[PDB]
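This document starts with one chain, in the form deposited in one PDB entry, laid out as structure tokens.
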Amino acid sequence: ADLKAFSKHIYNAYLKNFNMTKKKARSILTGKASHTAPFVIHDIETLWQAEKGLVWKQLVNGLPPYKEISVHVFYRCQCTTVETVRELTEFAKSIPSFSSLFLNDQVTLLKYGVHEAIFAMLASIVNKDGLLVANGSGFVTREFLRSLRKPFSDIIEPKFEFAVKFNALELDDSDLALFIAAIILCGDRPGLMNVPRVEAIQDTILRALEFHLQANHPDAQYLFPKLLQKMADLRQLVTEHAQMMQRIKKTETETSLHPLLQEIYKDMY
């Protein structure tokens, strides 16, 4: 009922939009669902294998042209992000009263929120040693990712470090549903036209989040305040990311940038 039912509705919408969940992820990582472990991408050879059947099963990968391993992997990174971006924008449709905002504000919230939510959800498919890809059929090593040349390794690490530490909060999927909603309904995004409307919606989300957290984690006293502090850390993450992506565009001109991502980075901060 009410906050309880609100929390549940957002959760259901989450389940409907993201097919890889933390639950699934952990089930694979610990070896529970598995029998056969994920194929591991940890170098150039294995990355090649993974794309020809074991992880990605397409004859022609559909990626832009690349002349080196670092750029190739970065194209994979962009593909994942775009995937999650699409799911986020569809998930936002189930956020009560979101779709009724000015179109320009819907755009603004998502332009400035998807990366924060993606970075929060990243912890879900991560451990300290690497991360799941392609609905858990693949597993890419942290090590492999750190071996890419700058600026590509540099762009990846901070997110990796935030993801691993974020896991210390022990959130589950029904917690994450509300958290990502609260992320998207942020009132301080540059260029919002009707801040009070956006903030009233976020308020309803924040109320249910505090509600759900205490219901779902009775023993974790300061979970709510801790989660809210993560919002600031996510902001700093994306703020740095925008500078990194601007530098990619200026000093890695041979690196193709997905047009949806370009649209996001455009005039971003």
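Heads up: residue numbers just count along the shown sequence, starting at 1. Shifts are known only where both forms have a C-alpha. So that the term is clear: the rigid core is the largest set of C-alpha atoms that superpose within 1.5 Å between two forms.
- Of the other compared PDB entries of this protein that include residues on both sides, at least a third leave residue 62 without atoms.
- Compared with other deposited structures of the same protein, residue 35 meets the criterion of being unmodelled in at least one third of those that resolve residues on both sides.
- Once the C-alpha B-factors are averaged per stretch, 241 to 249 and 254 to 262 rank with 254 to 262 first.
- Here the stretch with the larger average CA B-factor, out of 129 to 137 and 105 to 113, is 129 to 137.
- Across 231, 206, 40, 55, the greatest Cα temperature factor reported in the deposited entry is at 55.
- In the deposited entry, the Cα temperature factor of residue 236 places it in the lowest third of its chain's modelled residues.
- Looking at the C-alpha B-factors along this chain, the one for residue 83 belongs to the lowest third.
- When the CA B factors of the chain's modelled residues are split into thirds, the value for residue 172 lands in the middle one.
- In this PDB entry, the Cα temperature factor of residue 90 sits in the middle third of its chain's modelled residues.
- In this PDB entry, the Cα temperature factor of residue 161 sits in the middle third of its chain's modelled residues.
This protein has a second form, the form deposited in another entry, left out of what is shown; the following refers to that one.
- Of the residues 200, 33, 244, 228, exactly one exceeds or equals a 2 Å C-alpha shift between this form and the one not shown once the rigid core is aligned, and that residue is 33.
- Fitting the two forms on the rigid core leaves the C-alpha of residue 61 displaced by at least 2 angstroms between this form and the one not shown.
- Between residue 66 and residue 145, the C-alpha separation grows by 3 Å or more in the other entry, relative to the conformation displayed.
- Contraction of the residue 60-residue 145 CA spacing by 3 Å or more is recorded in the other entry, set against this form.
- 31 to 36, 53 to 67, 220 to 222, 266 to 269 are the runs of at least 3 consecutive shared residues whose C-alphas each shift by 2 Å or more between this form and the one not shown once the core is superposed.
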